[PDB]
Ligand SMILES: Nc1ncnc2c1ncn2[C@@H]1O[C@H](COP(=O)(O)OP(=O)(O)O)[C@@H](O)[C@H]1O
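A single chain, nothing else alongside it, follows as structure tokens in the form solved without adenosine-5'-diphosphate.
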């Protein structure tokens, strides 16, 4: 479990997790948030469907470094429940408010508490307190739960969240972890703007995505022969069933593939590292406008596409690894309508070529890259449920419990069919 994280949690981080939280391992997304907070001091928008595996992301870092973490939330009963859990785990924690202040505030200032829960109403009155705690202790992170409540445009607006924009003014070097259940690109942008987040890490987890069909199929090598099954012949030209992305492992392939689809007069365009920002922009704009149907691309394309109606993702060549693959298929069917994700792989794919990783001189990184390639190859070669493999590696056990409906049916994956 620890072998698939970059960089690997050290031995004292694992010991800390076991002692204080009772867990043996970090899930990749949990590690993604914790490491970015601890080492990069990086702002996060962590979209989480449920509270399962959620709290660790903001509770673990201040416990590990033995400093202080702030959790800003309006969910009073849930905050009280979490304060009791932390206390019962021998983590010193409290609810800080006007009524509680006499009991706790001197102790908070003296650095006796790892985790302090506050309402957004209390926080806007006490930016001076946070400055003192930053100076005297050092604030590992500020968590803003129900972060969607800052957006006037969302369904559950709270005026109390408006003044949380000042956190980055008052405390420009403390990273903010914004947490919400809503996967709206619109609300994410509102959260980023209203909390003044700087280049935030965006993750989205806890969702089972029942509308994504998964298939792995052997690649002949003949590009037209390989992609012919996906095409529909109109009087004018051949075309895909809907908005499509074809992810290719190199820039040489993106040209080759686009060349073969060009011969069919298919409305498509190439994207890669080595193209004009102006051309990349109109591709992005045409795709969003539905002026080109398909996009042939490298790992470069997809981040902040926000396009809800991607019906088909094809990996023409084995993906880089399971992390990139997860990001790439995650962009399919955000509208919640039926989408398909196909891998077309051969044994001669660059991303299954060990020789290139054998030549990497940094040993810890070499052994990570080989372990990730092998995990990818074990997914592609599997006869077991494609969905079960992906949820098991990336998602909390709760996501698998919810997903038992789709799993096993003719719409789950090629192996369940």
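Numbering follows the first chain given and starts at 1.
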How about residue 293: is it missing in a third or more of the other compared entries?
no
Give yes or no for this: do at least a third of the other compared entries, each modelling residues before and after residue 236, lack coordinates for it?
yes
Mean C-alpha B-factor higher for 189-197, or for 235-243?
235-243
Which is higher in the entry, the mean Cα B factor of 287-295 or that of 150-158?
287-295
Looking at 175, 304, 210, 92, which has the biggest Cα B factor in the entry?
304
Quick one: which of 140, 276, 180, 228 shows the highest Cα temperature factor in the PDB entry?
276
Grab the CA temperature factor for residue 335 from the record and place it in the lowest, middle or highest third of its chain.
middle
Entry-reported Cα temperature factor of residue 311, expressed as the chain third it lands in:
middle
Please rank the C-alpha B-factors of the chain's modelled residues and tell me whether residue 118 sits in the lowest, middle or highest third.
lowest
Rank-wise, by C-alpha B-factor, drop residue 43 into the lowest, middle or highest third of its chain.
lowest
Of the three thirds of Cα B-factor ranks in this chain, residue 260 occupies the highest
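One more form of this protein exists, namely the form deposited with adenosine-5'-diphosphate bound; it is left out here, but the text below deals with it.
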Counting 3 or more ligand atoms within 2.4 Å of any backbone or C-beta atom as blocked, would adenosine-5'-diphosphate, superposed onto this chain from where it sits in the deposited bound form, find the site open or blocked?
blocked
Does the 4.5 Å heavy atom contact test between residue 26 and adenosine-5'-diphosphate in the deposited bound form come out positive?
yes
4.5 Å heavy atom contact, residue 55 and adenosine-5'-diphosphate in the deposited bound form
yes
According to a 4.5 angstroms non-hydrogen atom cut-off, is residue 50 in contact with adenosine-5'-diphosphate in the deposited bound form?
yes
Can you check whether residue 331 is within 4.5 Å of adenosine-5'-diphosphate in the deposited bound form, heavy atom basis?
yes
Within 4.5 Å of adenosine-5'-diphosphate in the deposited bound form by heavy atoms, the stretch out of 169-177, 331-339, 216-224, 257-265 is 331-339
